[PDB]
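Chemist: You'll find entry_5.txt just under this line, and it carries compact mmCIF, C-alpha atoms.
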# COMPACT_ATOMS: atom_id res chain seq x y z
CA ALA F 1 0.00 0.00 0.00
CA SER F 2 3.02 2.22 0.65
CA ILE F 3 4.38 1.43 -2.83
CA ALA F 4 1.01 2.29 -4.35
CA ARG F 5 0.91 5.49 -2.30
CA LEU F 6 4.34 6.56 -3.50
CA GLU F 7 3.58 5.71 -7.13
CA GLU F 8 0.45 7.87 -6.96
CA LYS F 9 2.49 10.69 -5.40
CA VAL F 10 5.00 10.43 -8.28
CA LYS F 11 2.19 10.60 -10.83
CA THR F 12 0.55 13.55 -9.06
CA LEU F 13 3.79 15.54 -8.86
CA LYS F 14 4.52 14.87 -12.55
CA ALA F 15 1.07 16.06 -13.56
CA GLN F 16 1.41 19.20 -11.43
CA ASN F 17 4.94 19.80 -12.70
CA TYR F 18 3.50 19.51 -16.20
CA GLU F 19 0.97 22.25 -15.42
CA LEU F 20 3.66 24.43 -13.85
CA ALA F 21 6.14 23.96 -16.67
CA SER F 22 3.42 24.82 -19.19
CA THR F 23 2.68 28.03 -17.31
CA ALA F 24 6.36 28.86 -16.93
CA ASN F 25 6.87 28.32 -20.66
CA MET F 26 3.91 30.51 -21.59
CA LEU F 27 5.32 33.30 -19.41
CA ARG F 28 8.86 32.81 -20.73
CA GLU F 29 7.58 33.33 -24.27
CA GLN F 30 5.67 36.47 -23.26
CA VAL F 31 8.58 37.89 -21.26
CA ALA F 32 11.19 37.00 -23.88
CA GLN F 33 9.18 38.61 -26.67
CA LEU F 34 7.94 41.71 -24.84
CA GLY F 35 11.50 42.30 -23.69
CA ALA F 36 13.00 42.05 -27.20
CA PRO F 37 10.49 43.99 -29.34
CA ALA L 1 12.07 0.04 -8.59
CA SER L 2 11.83 0.22 -4.80
CA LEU L 3 10.54 2.35 -1.96
CA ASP L 4 13.92 4.12 -1.77
CA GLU L 5 13.91 4.82 -5.52
CA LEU L 6 10.36 6.14 -5.42
CA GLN L 7 11.29 8.41 -2.50
CA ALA L 8 14.37 9.70 -4.33
CA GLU L 9 12.29 10.33 -7.46
CA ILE L 10 9.70 12.12 -5.33
CA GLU L 11 12.45 14.31 -3.86
CA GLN L 12 13.63 15.21 -7.36
CA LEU L 13 10.07 15.97 -8.46
CA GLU L 14 9.41 18.26 -5.48
CA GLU L 15 12.65 20.17 -6.08
CA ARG L 16 11.50 20.69 -9.68
CA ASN L 17 8.03 21.67 -8.42
CA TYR L 18 9.69 24.34 -6.27
CA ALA L 19 11.91 25.62 -9.06
CA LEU L 20 8.94 26.05 -11.41
CA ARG L 21 6.94 27.90 -8.74
CA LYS L 22 9.85 30.24 -8.02
CA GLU L 23 10.62 30.90 -11.68
CA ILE L 24 6.92 31.45 -12.43
CA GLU L 25 6.81 34.06 -9.66
CA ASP L 26 9.93 35.74 -11.01
CA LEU L 27 8.52 35.74 -14.54
CA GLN L 28 5.32 37.32 -13.26
CA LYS L 29 7.27 40.19 -11.68
CA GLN L 30 9.25 40.70 -14.88
CA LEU L 31 6.01 40.64 -16.89
CA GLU L 32 4.27 43.28 -14.78
CA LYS L 33 7.35 45.50 -15.02
CA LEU L 34 7.27 45.11 -18.81
CA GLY L 35 4.12 47.24 -18.61
CA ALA L 36 5.67 50.72 -18.31
Here is the file; what I need is its structure written in the form of structure tokens.
Modeler:
Amino acid sequence: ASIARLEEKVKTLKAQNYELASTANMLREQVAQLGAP
Amino acid sequence: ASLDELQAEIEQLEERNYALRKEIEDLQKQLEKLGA
């Protein structure tokens, strides 16, 4: 049950990191472009 | 492939989770400044 709990935590962190990285990448593109117009 | 490996992968993931949150926050400050 511990193994299953850790595997679910891995999956959850990956999904949330995916959302965060998508946001970070959207903002990087906005910042990079606004800053070099 | 083991409890220890899962815990080490979790540690890595949470460090990445932190880094993305911090960078996002820093990008948001830069973005608001880019509105002069």
Chemist: Counting only C-alpha atoms, which of F:7, F:19, F:24, F:34 gets nearest to residue 35 in chain L?
Modeler: F:34
Chemist: Would you pick out the contacts of residue 7 in chain L at 10 Å or less, using only C-alpha atoms, so that residues sharing its chain but fewer than 4 positions from it are not included, and give the list as an MDAnalysis selection string?
Modeler: (chainID F and resid 3 6:7 9:10) or (chainID L and resid 2:3 11:13)
Chemist: How would the residues just chosen look if you wrote them out with C-alpha atoms as a CSV table (one decimal), in the frame of the given file?
Modeler:
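This went into part_36.csv:
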chain,number,residue,atom,x,y,z
F,3,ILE,CA,4.4,1.4,-2.8
F,6,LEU,CA,4.3,6.6,-3.5
F,7,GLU,CA,3.6,5.7,-7.1
F,9,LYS,CA,2.5,10.7,-5.4
F,10,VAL,CA,5.0,10.4,-8.3
L,2,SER,CA,11.8,0.2,-4.8
L,3,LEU,CA,10.5,2.4,-2.0
L,11,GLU,CA,12.4,14.3,-3.9
L,12,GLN,CA,13.6,15.2,-7.4
L,13,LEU,CA,10.1,16.0,-8.5
Chemist: Considering only C-alpha atoms, can you say which of F:22, F:17, F:1, F:32 comes closest to chain L?
Modeler: F:17
Chemist: Distance CA of residue 18 in chain F-CA of residue 35 in chain F, one decimal place?
Modeler: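 Taking CA of residue 18 in chain F and CA of residue 35 in chain F, their separation equals 25.3 Å.
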Chemist: Could you tell me which of L:20, L:36, L:5, L:15 comes closest to chain F if we count only C-alpha atoms?
Modeler: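 The shortest atom-to-atom distance to chain F comes from L:20.
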Chemist: Please identify every residue of chain L that has at least one atom no more than 6 Å from any atom of chain F, counting all atoms listed in the file, and report them as number ranges by chain.
Modeler: L: 10, 17, 24, 31
